[PDB]
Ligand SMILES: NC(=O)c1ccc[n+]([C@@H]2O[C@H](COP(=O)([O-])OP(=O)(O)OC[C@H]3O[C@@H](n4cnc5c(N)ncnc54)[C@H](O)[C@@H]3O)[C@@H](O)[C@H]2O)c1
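A lone chain, given as structure tokens: the form solved without nicotinamide-adenine-dinucleotide (NAD).
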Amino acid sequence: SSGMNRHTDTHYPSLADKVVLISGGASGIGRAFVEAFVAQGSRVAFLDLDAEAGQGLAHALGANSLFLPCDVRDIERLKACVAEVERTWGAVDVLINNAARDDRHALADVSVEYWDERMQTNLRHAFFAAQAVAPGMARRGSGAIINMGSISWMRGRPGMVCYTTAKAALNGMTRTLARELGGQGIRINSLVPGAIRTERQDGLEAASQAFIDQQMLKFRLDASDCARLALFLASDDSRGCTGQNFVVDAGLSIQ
């Protein structure tokens, strides 16, 4: 549907028909992933807590989109969501661990409850999602995982320790998973965005200018920038790339 952004004019034949699963798929960056892969003729499942946003997006994208309600905190539901995707469409080809919560929080204010919940929301699911997709990928002898990283921990960004720490954790999990699963044909990399303009983000003008001034390239990045990178990392054109970060940040991380 021509009202939904295709994100790129590039055409990746290797993406047609591939089974893509994306967490936090109903808004922002995750929504853009969903749209971009749909536009490449992939069969795209997405998970999200927001049922009405989820169903509206699936309605807009049509029958090559599948919306599954899921609180990623709930690993049991997460593994059921995976099982359901497998039954419908077969083994996942591409997993994008995208779901995350970047609510700001001061070091001194974090309680044990808040820490644990933030870790469950930002880190734990990425591991279990990978664990769930892996055996089916291995049966086929191929598959691709993309962990959404962040330059925040790289730049040592203060004021959201749980989020930055989870993100840092994914940096390592990418490397060890790449080794653990590479022998099975599965490649795992991390897509690492800079400051991406989305609806959810936000004096807005002022903060946007500060990003431009800090960046090497003097324009704002958006969700399309992420999705273009994702398509490449999913396609057969990145077949030899594993264990690695790919940073799309207009230079924000190098200051």
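From 1 onward, residues are counted along the sequence shown.
Counting the deposited residues that fall between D202 and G203 and carry no coordinates gives a value of 4 to 9. Mean CA temperature factor is higher for 49-57 when stretches 221-229 and 49-57 are set side by side in the entry.
Annotation for 62-70 versus 187-195: the higher mean temperature factor (C-alpha) is found in 62-70. Comparing the listed residues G149, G156, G182, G90, the entry records the largest Cα B-factor for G90.
Within the selection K167, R175, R124, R139, the deposited Cα B-factor values reach their highest point at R139. Sort the chain's modelled residues by C-alpha temperature factor and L107 lands in the middle third, per the entry. Among the modelled residues of its chain, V248 has a C-alpha B-factor that falls in the lowest third according to the deposited record. Sort the chain's modelled residues by C-alpha temperature factor and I145 lands in the middle third, per the entry.
Ranked by C-alpha B-factor against the other modelled residues of its chain, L78 falls in the highest third.
In the PDB entry, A100 places in the highest third of its chain by CA B-factor.
If you look for the form deposited with nicotinamide-adenine-dinucleotide (NAD) bound, you will not find it shown, but the lines that follow are about it.
Residues placing heavy atoms within 4.5 Å of nicotinamide-adenine-dinucleotide (NAD) in the bound PDB entry fall in a single listed stretch, namely 70-78, out of 70-78, 105-113, 135-143, 173-181. Interface residue among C162, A169, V82, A100 relative to nicotinamide-adenine-dinucleotide (NAD) in the bound PDB entry, by the heavy atom within 4.5 Å criterion: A100. Contact annotation for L49: at least one heavy atom lies within 4.5 Å of nicotinamide-adenine-dinucleotide (NAD) in the bound PDB entry.
Shown alone here, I186 lies farther than 4.5 Å from nicotinamide-adenine-dinucleotide (NAD) in the bound PDB entry, counting heavy atoms only. Contact between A58 and nicotinamide-adenine-dinucleotide (NAD) in the bound PDB entry is not found at the 4.5 Å heavy atom cutoff. In the bound PDB entry, nicotinamide-adenine-dinucleotide (NAD) lies farther than 4.5 Å from every heavy atom of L95.
Relative to nicotinamide-adenine-dinucleotide (NAD) in the bound PDB entry, residues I29, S150 and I196 are all within 4.5 Å by at least one heavy atom. With contact defined as any non-hydrogen atom lying within 4.5 angstroms of nicotinamide-adenine-dinucleotide (NAD) in the bound PDB entry, the stretch 222-249 contains no contacting residue.
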